[PDB]
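Only one chain is given next, in structure tokens, and it is the form deposited in one PDB entry.
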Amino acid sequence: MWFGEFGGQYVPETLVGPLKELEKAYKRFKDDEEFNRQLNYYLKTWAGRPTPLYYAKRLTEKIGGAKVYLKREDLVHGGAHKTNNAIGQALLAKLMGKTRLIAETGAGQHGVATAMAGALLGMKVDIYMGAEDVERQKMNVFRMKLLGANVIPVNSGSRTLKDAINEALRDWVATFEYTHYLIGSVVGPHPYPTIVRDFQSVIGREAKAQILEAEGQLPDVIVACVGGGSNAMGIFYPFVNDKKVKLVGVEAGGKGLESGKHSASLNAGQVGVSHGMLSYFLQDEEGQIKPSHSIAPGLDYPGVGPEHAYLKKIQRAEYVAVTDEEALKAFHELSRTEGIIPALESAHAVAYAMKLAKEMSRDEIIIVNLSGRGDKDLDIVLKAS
């Protein structure tokens, strides 16, 4: 339910029943061998797990500091880590007798992942997507359509992630007996932050085994970008009890933290309640939720997962921010230097990893979670550069 004080289940009474049924189903199936057999089967043969752990030798030498390994979630079917959670929840939803999936999306990767999982399992998919994100992630909009999903543009508010989430939640309140709300990050009311983290923990379980094979030791640092926090939690979680391993989450610095146009909730937000959870949120002078910004639409959310709020409080993980321009430079850099076009979200992690490697010893090891590929971002990057 809680991570320290953070998390919880602060929802209208209409959603208590559906959430409790989800809790019970998850508790029954999370360690069920047959459930995990089907999940592992799809992750392997359909999604293409395990993903490799790649040594960025050109990038490492160029920077001249620590070794930079990339965990290659960009290679997962769909082009991001989102699929790990999408298939897991869709399978659970099907076991619970649901015939419809709904989901918010910003980058469109979760929308696409959800549409793919829905296609695979013969479930109807409606995706809620901010009107601004419909325009700047158009590639993923047409993928969703071709996969047989309906894309619902959301015109209210900031026309982005938070607004998509409000609309999805309103849908779910009405449609829950046959609709599973397939939330795409470690956010929302319990049990979602736990479920999404658990389904993403495969990233870190693989990476741990892979870095032990490559280097015979655990990494000194793990760097991951933080929108809602799922790819970060996925790669972090298996290392949390390893005392050697520093954990760094990288939030969207936007136009700068003083610009009022960023998504760094942990760095510059206040504790508060929204979307069923106590966590960090960007707030205005009256204490209301204020709109966020990032060039990477997957990071463009005023909130953050409560497990990260907890990791920040106990100082198990450090949270930093990287600006739009810094992220753009890393996007170009990785493409030219390693021949990998990353997602703009992932480019934030690369950007900070390049800063951090520079300051570190050649003996030391950084693992960056390369959460996605950048095909979706080509229009954005074309306009910006």
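Superpose the two forms; the largest set of C-alphas matching within 1.5 Å is the rigid core. Note that residue numbering begins at 1 and tracks the sequence as displayed.
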- Message: When the Cα temperature factors in the entry are averaged, is it 191-199 or 276-284 that ends up higher?
- Response: 276-284
- Note on the structure: Higher of the two mean Cα B-factors (86-94, 129-137; per PDB record) comes from 129-137
- Item | From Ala224, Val271, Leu299, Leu101, residue of greatest CA B-factor | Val271
- Of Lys244, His81, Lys208, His308, which one's C-alpha B factor is largest in the deposited record? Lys244
- Task: Could you say whether, by C-alpha temperature factor, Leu53 belongs to the lowest, middle or highest third of its chain?
- Result: lowest
- Please rank the C-alpha B-factors of the chain's modelled residues and tell me whether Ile63 sits in the lowest, middle or highest third. highest
- Query: Split the chain's modelled residues into thirds by Cα B-factor; is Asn155 in the lowest, middle or highest one?
  - Reply: highest
- Task: Place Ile366 in the lowest, middle or highest third of its chain's C-alpha B-factors, as listed in the PDB entry.
- Result: middle
- Query: Of the three thirds of its chain by CA temperature factor, lowest, middle or highest, which one includes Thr179?
  - Reply: middle
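Only in words, not in the display: the form deposited in another entry, which the text now covers.
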- Message: Given a cut-off of 2 Å on Cα movement between the shown form and the other one, rigid core as reference, pick the single residue from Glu213, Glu135, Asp284, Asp242 that exceeds or meets it.
- Response: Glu135
- Task: Align on the rigid core first; then say whether the Cα of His77 has moved by at least 2 Å between the shown form and the other one.
- Result: no
- If you line up the core, does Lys94 shift 2 angstroms or more at its C-alpha between the shown form and the other one? no
- Message: Quick check: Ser158 between the shown form and the other one - does its CA shift reach 2 Å or more after fitting the rigid core?
- Response: yes
